[PDB]
file data23.cif (mmCIF, C-alpha atoms)
data_data
#
loop_
_atom_site.group_PDB
_atom_site.id
_atom_site.type_symbol
_atom_site.label_atom_id
_atom_site.label_comp_id
_atom_site.auth_asym_id
_atom_site.auth_seq_id
_atom_site.Cartn_x
_atom_site.Cartn_y
_atom_site.Cartn_z
ATOM 1 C CA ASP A 1 35.464 -16.101 2.274
ATOM 2 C CA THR A 2 33.041 -14.555 4.738
ATOM 3 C CA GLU A 3 30.303 -16.270 6.724
ATOM 4 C CA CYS A 4 27.756 -14.395 4.623
ATOM 5 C CA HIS A 5 29.270 -16.097 1.569
ATOM 6 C CA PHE A 6 29.019 -19.534 3.205
ATOM 7 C CA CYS A 7 25.417 -18.919 4.251
ATOM 8 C CA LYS A 8 24.225 -17.872 0.787
ATOM 9 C CA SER A 9 25.953 -20.790 -0.958
ATOM 10 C CA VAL A 10 24.598 -23.340 1.507
ATOM 11 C CA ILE A 11 21.033 -21.994 1.411
ATOM 12 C CA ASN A 12 21.053 -21.568 -2.366
ATOM 13 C CA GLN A 13 21.947 -25.235 -2.824
ATOM 14 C CA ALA A 14 19.260 -26.351 -0.364
ATOM 15 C CA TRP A 15 16.633 -24.364 -2.272
ATOM 16 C CA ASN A 16 17.894 -25.671 -5.629
ATOM 17 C CA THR A 17 17.702 -29.279 -4.434
ATOM 18 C CA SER A 18 14.270 -28.669 -2.899
ATOM 19 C CA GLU A 19 12.900 -27.083 -6.076
ATOM 20 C CA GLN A 20 14.018 -29.945 -8.312
ATOM 21 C CA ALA A 21 12.789 -32.657 -5.943
ATOM 22 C CA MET A 22 9.395 -31.082 -5.265
ATOM 23 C CA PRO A 23 7.480 -32.274 -8.376
ATOM 24 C CA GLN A 24 8.389 -35.912 -7.730
ATOM 25 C CA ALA A 25 7.735 -35.559 -4.001
ATOM 26 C CA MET A 26 4.238 -34.199 -4.588
ATOM 27 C CA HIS A 27 3.497 -36.758 -7.306
ATOM 28 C CA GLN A 28 4.421 -39.610 -4.985
ATOM 29 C CA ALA A 29 2.259 -38.189 -2.206
ATOM 30 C CA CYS A 30 -0.793 -38.782 -4.415
ATOM 31 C CA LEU A 31 0.005 -42.520 -4.544
ATOM 32 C CA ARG A 32 -1.318 -42.772 -0.979
ATOM 33 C CA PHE A 33 -4.774 -42.206 -2.453
ATOM 34 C CA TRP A 34 -7.049 -44.894 -3.859
ATOM 35 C CA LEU A 35 -10.199 -43.860 -5.728
ATOM 36 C CA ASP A 36 -8.756 -40.315 -5.643
ATOM 37 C CA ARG A 37 -5.271 -40.812 -7.079
ATOM 38 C CA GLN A 38 -5.963 -39.098 -10.408
ATOM 39 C CA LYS A 39 -7.730 -36.072 -8.930
ATOM 40 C CA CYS A 40 -4.754 -35.551 -6.612
ATOM 41 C CA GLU A 41 -2.228 -35.738 -9.454
ATOM 42 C CA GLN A 42 -4.318 -33.372 -11.577
ATOM 43 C CA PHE A 43 -4.396 -30.973 -8.629
ATOM 44 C CA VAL A 44 -0.601 -31.140 -8.360
ATOM 45 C CA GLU A 45 -0.140 -30.517 -12.072
ATOM 46 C CA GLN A 46 -2.712 -27.714 -12.284
ATOM 47 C CA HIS A 47 -1.214 -25.876 -9.290
ATOM 48 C CA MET A 48 2.436 -26.679 -10.023
ATOM 49 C CA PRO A 49 3.280 -22.984 -10.677
ATOM 50 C CA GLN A 50 1.882 -22.047 -7.280
ATOM 51 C CA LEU A 51 3.464 -24.996 -5.470
ATOM 52 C CA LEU A 52 6.908 -24.409 -6.990
ATOM 53 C CA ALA A 53 6.710 -20.740 -5.952
ATOM 54 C CA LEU A 54 6.864 -21.953 -2.332
ATOM 55 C CA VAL A 55 10.658 -22.331 -2.706
ATOM 56 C CA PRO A 56 12.556 -19.028 -2.311
ATOM 57 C CA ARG A 57 14.629 -17.850 -5.262
ATOM 58 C CA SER A 58 18.397 -17.422 -5.185
ATOM 59 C CA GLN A 59 17.902 -13.650 -4.948
ATOM 60 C CA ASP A 60 16.497 -14.268 -1.444
ATOM 61 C CA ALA A 61 19.629 -15.910 -0.031
ATOM 62 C CA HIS A 62 21.061 -12.646 1.298
ATOM 63 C CA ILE A 63 17.964 -11.457 3.161
ATOM 64 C CA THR A 64 17.488 -14.968 4.556
ATOM 65 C CA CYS A 65 21.064 -14.943 5.853
ATOM 66 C CA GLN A 66 20.358 -11.500 7.325
ATOM 67 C CA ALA A 67 17.450 -13.028 9.237
ATOM 68 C CA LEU A 68 19.874 -15.661 10.549
ATOM 69 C CA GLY A 69 22.124 -12.748 11.533
ATOM 70 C CA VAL A 70 25.122 -13.477 9.284
ATOM 71 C CA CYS A 71 24.835 -11.166 6.218
ATOM 72 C CA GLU A 72 25.325 -7.400 5.972
ATOM 73 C CA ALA A 73 26.345 -7.239 9.602
ATOM 74 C CA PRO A 74 26.755 -3.736 11.127
ATOM 75 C CA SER B 1 -13.479 -28.983 -2.034
ATOM 76 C CA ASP B 2 -12.170 -30.247 1.296
ATOM 77 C CA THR B 3 -10.715 -33.052 -0.828
ATOM 78 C CA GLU B 4 -8.758 -30.460 -2.813
ATOM 79 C CA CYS B 5 -7.718 -29.037 0.543
ATOM 80 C CA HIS B 6 -6.820 -32.592 1.577
ATOM 81 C CA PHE B 7 -4.678 -33.087 -1.535
ATOM 82 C CA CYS B 8 -2.927 -29.750 -1.052
ATOM 83 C CA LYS B 9 -1.969 -30.399 2.566
ATOM 84 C CA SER B 10 -0.742 -33.917 1.796
ATOM 85 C CA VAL B 11 1.412 -32.963 -1.201
ATOM 86 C CA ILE B 12 2.893 -29.902 0.517
ATOM 87 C CA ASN B 13 3.603 -31.827 3.724
ATOM 88 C CA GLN B 14 5.486 -34.426 1.671
ATOM 89 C CA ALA B 15 7.551 -31.781 -0.134
ATOM 90 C CA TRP B 16 8.560 -30.156 3.159
ATOM 91 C CA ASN B 17 9.463 -33.530 4.684
ATOM 92 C CA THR B 18 11.585 -34.369 1.635
ATOM 93 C CA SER B 19 13.254 -30.941 1.712
ATOM 94 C CA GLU B 20 14.063 -31.160 5.426
ATOM 95 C CA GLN B 21 15.566 -34.627 5.061
ATOM 96 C CA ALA B 22 17.679 -33.540 2.085
ATOM 97 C CA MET B 23 18.952 -30.253 3.510
ATOM 98 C CA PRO B 24 22.053 -31.607 5.339
ATOM 99 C CA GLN B 25 23.230 -33.460 2.236
ATOM 100 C CA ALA B 26 22.513 -30.405 0.076
ATOM 101 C CA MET B 27 24.483 -28.079 2.343
ATOM 102 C CA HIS B 28 27.330 -30.597 2.571
ATOM 103 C CA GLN B 29 27.509 -30.640 -1.224
ATOM 104 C CA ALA B 30 27.756 -26.849 -1.237
ATOM 105 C CA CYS B 31 30.756 -26.914 1.104
ATOM 106 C CA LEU B 32 32.557 -29.570 -0.972
ATOM 107 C CA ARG B 33 32.775 -27.077 -3.858
ATOM 108 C CA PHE B 34 35.192 -25.063 -1.708
ATOM 109 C CA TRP B 35 38.881 -25.898 -1.577
ATOM 110 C CA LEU B 36 40.854 -24.083 1.108
ATOM 111 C CA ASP B 37 37.562 -23.165 2.808
ATOM 112 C CA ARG B 38 35.774 -26.510 3.005
ATOM 113 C CA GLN B 39 36.411 -26.695 6.746
ATOM 114 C CA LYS B 40 35.307 -23.092 7.320
ATOM 115 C CA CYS B 41 32.085 -23.718 5.383
ATOM 116 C CA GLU B 42 31.347 -26.903 7.334
ATOM 117 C CA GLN B 43 32.047 -25.114 10.621
ATOM 118 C CA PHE B 44 29.499 -22.437 9.707
ATOM 119 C CA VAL B 45 26.878 -25.089 8.970
ATOM 120 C CA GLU B 46 27.523 -26.915 12.243
ATOM 121 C CA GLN B 47 27.252 -23.780 14.375
ATOM 122 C CA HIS B 48 24.042 -22.669 12.605
ATOM 123 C CA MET B 49 22.394 -26.060 11.890
ATOM 124 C CA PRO B 50 19.319 -25.507 14.129
ATOM 125 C CA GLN B 51 18.629 -22.215 12.343
ATOM 126 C CA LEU B 52 19.128 -23.636 8.847
ATOM 127 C CA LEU B 53 16.893 -26.654 9.468
ATOM 128 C CA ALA B 54 14.210 -24.242 10.724
ATOM 129 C CA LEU B 55 13.929 -22.821 7.190
ATOM 130 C CA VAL B 56 11.548 -25.661 6.194
ATOM 131 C CA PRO B 57 7.926 -25.171 7.341
ATOM 132 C CA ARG B 58 6.332 -27.722 9.654
ATOM 133 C CA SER B 59 3.224 -29.751 8.878
ATOM 134 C CA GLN B 60 1.216 -27.400 11.100
ATOM 135 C CA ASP B 61 1.660 -24.821 8.308
ATOM 136 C CA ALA B 62 0.108 -26.923 5.533
ATOM 137 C CA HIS B 63 -3.459 -25.661 6.038
ATOM 138 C CA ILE B 64 -2.687 -21.937 6.073
ATOM 139 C CA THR B 65 -0.274 -22.365 3.156
ATOM 140 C CA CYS B 66 -3.043 -24.027 1.152
ATOM 141 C CA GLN B 67 -5.325 -21.150 2.166
ATOM 142 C CA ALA B 68 -2.836 -18.744 0.594
ATOM 143 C CA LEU B 69 -2.909 -20.878 -2.576
ATOM 144 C CA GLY B 70 -6.699 -20.531 -2.583
ATOM 145 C CA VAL B 71 -7.736 -24.160 -2.023
ATOM 146 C CA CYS B 72 -8.513 -24.516 1.739
ATOM 147 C CA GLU B 73 -11.340 -22.068 2.349
ATOM 148 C CA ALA B 74 -12.411 -21.437 5.945
ATOM 149 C CA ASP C 1 12.291 -14.254 30.986
ATOM 150 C CA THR C 2 14.005 -16.205 28.213
ATOM 151 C CA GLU C 3 15.023 -14.634 24.917
ATOM 152 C CA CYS C 4 12.868 -17.262 23.234
ATOM 153 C CA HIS C 5 9.833 -15.917 25.126
ATOM 154 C CA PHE C 6 10.598 -12.318 24.127
ATOM 155 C CA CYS C 7 11.157 -13.299 20.498
ATOM 156 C CA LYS C 8 7.918 -15.267 20.157
ATOM 157 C CA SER C 9 5.774 -12.611 21.841
ATOM 158 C CA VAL C 10 7.298 -9.699 19.934
ATOM 159 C CA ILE C 11 7.042 -11.341 16.503
ATOM 160 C CA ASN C 12 3.484 -12.544 17.104
ATOM 161 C CA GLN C 13 2.417 -9.001 18.006
ATOM 162 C CA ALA C 14 4.032 -7.650 14.839
ATOM 163 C CA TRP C 15 2.155 -10.241 12.778
ATOM 164 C CA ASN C 16 -1.145 -9.405 14.467
ATOM 165 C CA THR C 17 -0.581 -5.716 13.719
ATOM 166 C CA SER C 18 0.327 -6.505 10.103
ATOM 167 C CA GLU C 19 -2.776 -8.657 9.688
ATOM 168 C CA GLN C 20 -4.892 -5.837 11.129
ATOM 169 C CA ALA C 21 -3.302 -3.221 8.852
ATOM 170 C CA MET C 22 -3.302 -5.218 5.623
ATOM 171 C CA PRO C 23 -6.808 -4.393 4.262
ATOM 172 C CA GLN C 24 -6.257 -0.638 4.450
ATOM 173 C CA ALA C 25 -2.727 -0.979 3.063
ATOM 174 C CA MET C 26 -3.994 -2.920 0.066
ATOM 175 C CA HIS C 27 -6.839 -0.471 -0.522
ATOM 176 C CA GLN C 28 -4.343 2.397 -0.674
ATOM 177 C CA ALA C 29 -2.173 0.449 -3.115
ATOM 178 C CA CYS C 30 -5.078 0.430 -5.572
ATOM 179 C CA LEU C 31 -5.096 4.242 -5.575
ATOM 180 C CA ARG C 32 -1.880 4.084 -7.627
ATOM 181 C CA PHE C 33 -3.863 2.631 -10.571
ATOM 182 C CA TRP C 34 -5.575 5.340 -12.624
ATOM 183 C CA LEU C 35 -8.876 4.441 -14.321
ATOM 184 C CA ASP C 36 -8.414 0.884 -12.989
ATOM 185 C CA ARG C 37 -8.886 1.632 -9.294
ATOM 186 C CA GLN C 38 -12.099 -0.372 -8.992
ATOM 187 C CA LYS C 39 -10.640 -3.355 -10.845
ATOM 188 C CA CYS C 40 -7.722 -3.376 -8.402
ATOM 189 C CA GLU C 41 -10.066 -3.105 -5.418
ATOM 190 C CA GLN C 42 -12.182 -5.875 -6.926
ATOM 191 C CA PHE C 43 -9.059 -8.044 -7.058
ATOM 192 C CA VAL C 44 -8.320 -7.297 -3.388
ATOM 193 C CA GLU C 45 -11.891 -8.151 -2.398
ATOM 194 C CA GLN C 46 -11.913 -11.400 -4.385
ATOM 195 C CA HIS C 47 -8.600 -12.641 -2.931
ATOM 196 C CA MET C 48 -8.813 -11.177 0.588
ATOM 197 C CA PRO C 49 -8.624 -14.498 2.522
ATOM 198 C CA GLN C 50 -5.569 -15.604 0.524
ATOM 199 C CA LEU C 51 -3.821 -12.262 0.990
ATOM 200 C CA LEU C 52 -4.582 -12.248 4.724
ATOM 201 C CA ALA C 53 -3.217 -15.811 4.936
ATOM 202 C CA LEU C 54 0.221 -14.435 4.004
ATOM 203 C CA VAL C 55 0.709 -13.198 7.588
ATOM 204 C CA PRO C 56 2.142 -16.015 9.739
ATOM 205 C CA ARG C 57 0.074 -17.339 12.630
ATOM 206 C CA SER C 58 1.169 -17.400 16.257
ATOM 207 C CA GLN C 59 1.934 -21.109 15.805
ATOM 208 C CA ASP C 60 4.876 -20.016 13.610
ATOM 209 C CA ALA C 61 6.517 -17.819 16.249
ATOM 210 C CA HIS C 62 8.725 -20.574 17.687
ATOM 211 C CA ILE C 63 10.160 -21.905 14.433
ATOM 212 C CA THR C 64 10.743 -18.328 13.234
ATOM 213 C CA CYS C 65 12.637 -17.507 16.431
ATOM 214 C CA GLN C 66 14.585 -20.744 15.981
ATOM 215 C CA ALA C 67 15.721 -19.522 12.556
ATOM 216 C CA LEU C 68 16.803 -16.246 14.197
ATOM 217 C CA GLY C 69 18.830 -18.388 16.606
ATOM 218 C CA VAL C 70 17.117 -17.588 19.915
ATOM 219 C CA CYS C 71 14.795 -20.592 20.455
ATOM 220 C CA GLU C 72 16.324 -24.077 20.580
ATOM 221 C CA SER D 1 -7.005 -3.072 -18.636
ATOM 222 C CA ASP D 2 -3.859 -3.766 -16.627
ATOM 223 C CA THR D 3 -3.182 -7.295 -15.454
ATOM 224 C CA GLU D 4 -4.248 -8.983 -12.236
ATOM 225 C CA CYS D 5 -0.565 -9.772 -11.713
ATOM 226 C CA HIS D 6 0.185 -6.039 -11.677
ATOM 227 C CA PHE D 7 -2.543 -5.398 -9.089
ATOM 228 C CA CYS D 8 -1.268 -8.259 -6.927
ATOM 229 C CA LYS D 9 2.391 -7.194 -6.948
ATOM 230 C CA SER D 10 1.585 -3.562 -6.136
ATOM 231 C CA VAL D 11 -0.858 -4.516 -3.386
ATOM 232 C CA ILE D 12 1.508 -6.952 -1.665
ATOM 233 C CA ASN D 13 4.512 -4.635 -1.927
ATOM 234 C CA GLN D 14 2.419 -1.908 -0.286
ATOM 235 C CA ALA D 15 1.456 -4.287 2.531
ATOM 236 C CA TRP D 16 5.072 -5.323 3.105
ATOM 237 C CA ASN D 17 6.278 -1.716 3.117
ATOM 238 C CA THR D 18 3.610 -0.841 5.680
ATOM 239 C CA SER D 19 4.606 -3.818 7.856
ATOM 240 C CA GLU D 20 8.300 -2.928 7.670
ATOM 241 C CA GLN D 21 7.595 0.690 8.643
ATOM 242 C CA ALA D 22 5.384 -0.326 11.584
ATOM 243 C CA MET D 23 7.486 -3.170 12.951
ATOM 244 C CA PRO D 24 9.845 -1.223 15.275
ATOM 245 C CA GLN D 25 7.046 0.478 17.205
ATOM 246 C CA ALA D 26 4.922 -2.680 17.235
ATOM 247 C CA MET D 27 7.735 -4.714 18.781
ATOM 248 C CA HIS D 28 8.589 -1.970 21.269
ATOM 249 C CA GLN D 29 4.947 -1.911 22.378
ATOM 250 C CA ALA D 30 4.902 -5.717 22.550
ATOM 251 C CA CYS D 31 7.541 -5.590 25.297
ATOM 252 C CA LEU D 32 5.159 -3.643 27.557
ATOM 253 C CA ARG D 33 3.438 -7.067 27.987
ATOM 254 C CA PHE D 34 6.466 -8.165 30.067
ATOM 255 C CA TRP D 35 5.988 -6.742 33.535
ATOM 256 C CA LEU D 36 9.014 -8.348 35.230
ATOM 257 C CA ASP D 37 11.676 -7.537 32.600
ATOM 258 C CA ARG D 38 10.388 -5.028 30.053
ATOM 259 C CA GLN D 39 13.826 -3.448 29.589
ATOM 260 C CA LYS D 40 15.340 -6.864 28.833
ATOM 261 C CA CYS D 41 12.674 -7.402 26.178
ATOM 262 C CA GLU D 42 13.376 -3.992 24.649
ATOM 263 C CA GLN D 43 17.097 -4.806 24.645
ATOM 264 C CA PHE D 44 16.386 -8.012 22.741
ATOM 265 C CA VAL D 45 14.299 -6.086 20.199
ATOM 266 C CA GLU D 46 16.981 -3.444 19.669
ATOM 267 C CA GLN D 47 19.860 -5.931 19.453
ATOM 268 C CA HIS D 48 18.039 -8.122 16.921
ATOM 269 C CA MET D 49 16.220 -5.435 14.918
ATOM 270 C CA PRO D 50 18.254 -6.113 11.724
ATOM 271 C CA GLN D 51 17.203 -9.773 11.845
ATOM 272 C CA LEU D 52 13.581 -8.990 12.711
ATOM 273 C CA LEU D 53 13.186 -6.431 9.915
ATOM 274 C CA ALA D 54 14.562 -8.987 7.441
ATOM 275 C CA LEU D 55 11.465 -11.132 8.047
ATOM 276 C CA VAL D 56 9.453 -8.786 5.792
ATOM 277 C CA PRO D 57 9.816 -9.794 2.119
ATOM 278 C CA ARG D 58 11.417 -7.295 -0.238
ATOM 279 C CA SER D 59 9.723 -5.833 -3.306
ATOM 280 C CA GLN D 60 11.673 -8.273 -5.499
ATOM 281 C CA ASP D 61 9.600 -11.047 -3.861
ATOM 282 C CA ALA D 62 6.269 -9.656 -5.087
ATOM 283 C CA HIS D 63 6.131 -11.692 -8.300
ATOM 284 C CA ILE D 64 6.795 -15.122 -6.806
ATOM 285 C CA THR D 65 4.376 -14.417 -3.939
ATOM 286 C CA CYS D 66 1.703 -13.513 -6.487
ATOM 287 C CA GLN D 67 2.682 -16.634 -8.419
ATOM 288 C CA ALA D 68 1.980 -18.684 -5.281
ATOM 289 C CA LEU D 69 -1.449 -17.042 -5.013
ATOM 290 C CA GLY D 70 -1.955 -18.127 -8.623
ATOM 291 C CA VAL D 71 -2.242 -14.712 -10.273
ATOM 292 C CA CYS D 72 1.183 -14.236 -11.923
ATOM 293 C CA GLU D 73 2.196 -16.957 -14.393
#
call {"tool": "encode", "arguments": {"input": "data23.cif", "output": "structure tokens"}}
result
Amino acid sequence: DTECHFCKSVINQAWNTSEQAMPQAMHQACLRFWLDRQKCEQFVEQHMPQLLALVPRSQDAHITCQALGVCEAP
Amino acid sequence: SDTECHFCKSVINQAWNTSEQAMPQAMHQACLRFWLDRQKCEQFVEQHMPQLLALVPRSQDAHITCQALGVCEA
Amino acid sequence: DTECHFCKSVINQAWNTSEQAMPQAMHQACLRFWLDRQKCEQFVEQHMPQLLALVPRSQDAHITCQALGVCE
Amino acid sequence: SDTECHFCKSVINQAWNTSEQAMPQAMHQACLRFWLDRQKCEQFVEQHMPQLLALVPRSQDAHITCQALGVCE
């Protein structure tokens, strides 16, 4: 298998793990707040679609590996 | 207002920290799915580790990211 | 002199150019909507700071060049 | 009337296409800033152009970018 193949598989798994861990990670971050715990958690929930869109999708693995210089090499 | 901005930066910073810490394990898991090419996959990761770890934004990016989400006006 | 220096300077200049060009580019994109040109331009106006925030800042040059493999 | 999501995706894709088209000249001009080794800078740009151009998102990324801005569900 090529290096491009390795790069996409490795990055795809990193993004998949990041996407699934992000809700819990952001929820826990709100625990650092006192009088403002609930407002923080409501913020996280209300903006969850936006926040989760911060992780690239599997379709982006190739162009990301191109940026690293390993996919679709001349 | 700035408290929403405060929430956004804190939750996003935590997600990025969690993602960065998990990335080596995640990429390792991706190479274990290979049989004859486990070693080749792991070699790719080792040679490109500084680049791959650079795929997670740094805390300095929390404010502008939250500006893109529409919560940290300026 | 270092490749890292070249990479950071060159990418930052591209981002500055992109940031400078983005308002006109988005205005032209609204021309593709027929009968809803003003609604599209109204969207652009309402979300301009967010859209402009999509261009990375100079502070991101180093980590971007690190991903490209030229800055440690 | 058409959706805000449709405006957002078209507007961002247009911006990215403009950036991608302008990037080669912009980076070439950026090397003029180096007065001791301009040719070395231009060599870096040329050698790494495929990587540099890949920093512009592709049209397939319009939806998720507009989702991050909060306009596409």
call {"tool": "closest_residue", "arguments": {"input": "data23.cif", "among": "C:38, C:59, C:50, C:24", "to": "chain B", "atoms": "all atoms listed in the file"}}
result
C:50
call {"tool": "residues_near_point", "arguments": {"input": "data23.cif", "point": "(4.8, -3.4, 16.9)", "cutoff": "9 Å", "atoms": "only C-alpha atoms", "output": "ChimeraX atom specification"}}
result
/C:10-11,13-18 /D:22-30
call {"tool": "atom_distance", "arguments": {"input": "data23.cif", "atom1": "CA of residue 44 in chain A", "atom2": "CA of residue 5 in chain D"}}
result
21.6 Å
call {"tool": "resolve_selection", "arguments": {"input": "data23.cif", "expression": "the PyMOL selection byres ((chain A) within 10 of (chain B))", "output": "short mmCIF file (atom, residue, chain, number, x, y, z; two decimals) with C-alpha atoms, keeping the file's coordinate frame"}}
result
data_model
loop_
_atom_site.label_atom_id
_atom_site.label_comp_id
_atom_site.auth_asym_id
_atom_site.auth_seq_id
_atom_site.Cartn_x
_atom_site.Cartn_y
_atom_site.Cartn_z
CA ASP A 1 35.46 -16.10 2.27
CA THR A 2 33.04 -14.56 4.74
CA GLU A 3 30.30 -16.27 6.72
CA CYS A 4 27.76 -14.40 4.62
CA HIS A 5 29.27 -16.10 1.57
CA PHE A 6 29.02 -19.53 3.20
CA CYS A 7 25.42 -18.92 4.25
CA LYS A 8 24.22 -17.87 0.79
CA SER A 9 25.95 -20.79 -0.96
CA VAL A 10 24.60 -23.34 1.51
CA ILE A 11 21.03 -21.99 1.41
CA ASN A 12 21.05 -21.57 -2.37
CA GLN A 13 21.95 -25.24 -2.82
CA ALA A 14 19.26 -26.35 -0.36
CA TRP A 15 16.63 -24.36 -2.27
CA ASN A 16 17.89 -25.67 -5.63
CA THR A 17 17.70 -29.28 -4.43
CA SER A 18 14.27 -28.67 -2.90
CA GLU A 19 12.90 -27.08 -6.08
CA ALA A 21 12.79 -32.66 -5.94
CA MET A 22 9.40 -31.08 -5.26
CA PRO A 23 7.48 -32.27 -8.38
CA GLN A 24 8.39 -35.91 -7.73
CA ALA A 25 7.74 -35.56 -4.00
CA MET A 26 4.24 -34.20 -4.59
CA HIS A 27 3.50 -36.76 -7.31
CA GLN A 28 4.42 -39.61 -4.99
CA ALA A 29 2.26 -38.19 -2.21
CA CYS A 30 -0.79 -38.78 -4.42
CA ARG A 32 -1.32 -42.77 -0.98
CA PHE A 33 -4.77 -42.21 -2.45
CA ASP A 36 -8.76 -40.32 -5.64
CA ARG A 37 -5.27 -40.81 -7.08
CA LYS A 39 -7.73 -36.07 -8.93
CA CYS A 40 -4.75 -35.55 -6.61
CA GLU A 41 -2.23 -35.74 -9.45
CA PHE A 43 -4.40 -30.97 -8.63
CA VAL A 44 -0.60 -31.14 -8.36
CA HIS A 47 -1.21 -25.88 -9.29
CA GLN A 50 1.88 -22.05 -7.28
CA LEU A 51 3.46 -25.00 -5.47
CA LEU A 54 6.86 -21.95 -2.33
CA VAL A 55 10.66 -22.33 -2.71
CA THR A 64 17.49 -14.97 4.56
CA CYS A 65 21.06 -14.94 5.85
CA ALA A 67 17.45 -13.03 9.24
CA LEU A 68 19.87 -15.66 10.55
CA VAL A 70 25.12 -13.48 9.28
#
call {"tool": "atom_distance", "arguments": {"input": "data23.cif", "atom1": "CA of residue 69 in chain D", "atom2": "CA of residue 39 in chain C"}}
result
17.5 Å
call {"tool": "atom_distance", "arguments": {"input": "data23.cif", "atom1": "CA of residue 56 in chain D", "atom2": "CA of residue 67 in chain B"}}
result
19.6 Å
call {"tool": "residues_around", "arguments": {"input": "data23.cif", "residues": "residue 1 in chain D", "least_positions_apart": "5", "cutoff": "12 Å", "atoms": "all atoms listed in the file", "output": "ChimeraX atom specification"}}
result
/C:33-40 /D:6-7
call {"tool": "axis_aligned_box", "arguments": {"input": "data23.cif", "around": "range 52-64 of chain D", "padding_each_side": "3 Å", "output": "AutoDock Vina command-line options"}}
result
--center_x 10.3 --center_y -10.5 --center_z 2.2 --size_x 14.4 --size_y 15.3 --size_z 27.0
call {"tool": "resolve_selection", "arguments": {"input": "data23.cif", "expression": "the PyMOL selection byres ((chain C) within 9 of (chain A))", "output": "VMD selection string"}}
result
chain C and resid 67 to 69
call {"tool": "residues_around", "arguments": {"input": "data23.cif", "residues": "residue 25 in chain C", "least_positions_apart": "3", "cutoff": "6 Å", "atoms": "all atoms listed in the file", "output": "list in words"}}
result
residues 22 and 28 of chain C; 15 of chain D
call {"tool": "closest_residue", "arguments": {"input": "data23.cif", "among": "D:65, D:19, D:3, D:39", "to": "chain A", "atoms": "all atoms listed in the file"}}
result
D:65
call {"tool": "interface_residues", "arguments": {"input": "data23.cif", "of": "chain C", "to": "chain B", "cutoff": "12 Å", "atoms": "only C-alpha atoms", "output": "ChimeraX atom specification"}}
result
/C:46-72
call {"tool": "closest_residue", "arguments": {"input": "data23.cif", "among": "A:58, A:42, A:48, A:63", "to": "chain D", "atoms": "all atoms listed in the file"}}
result
A:63
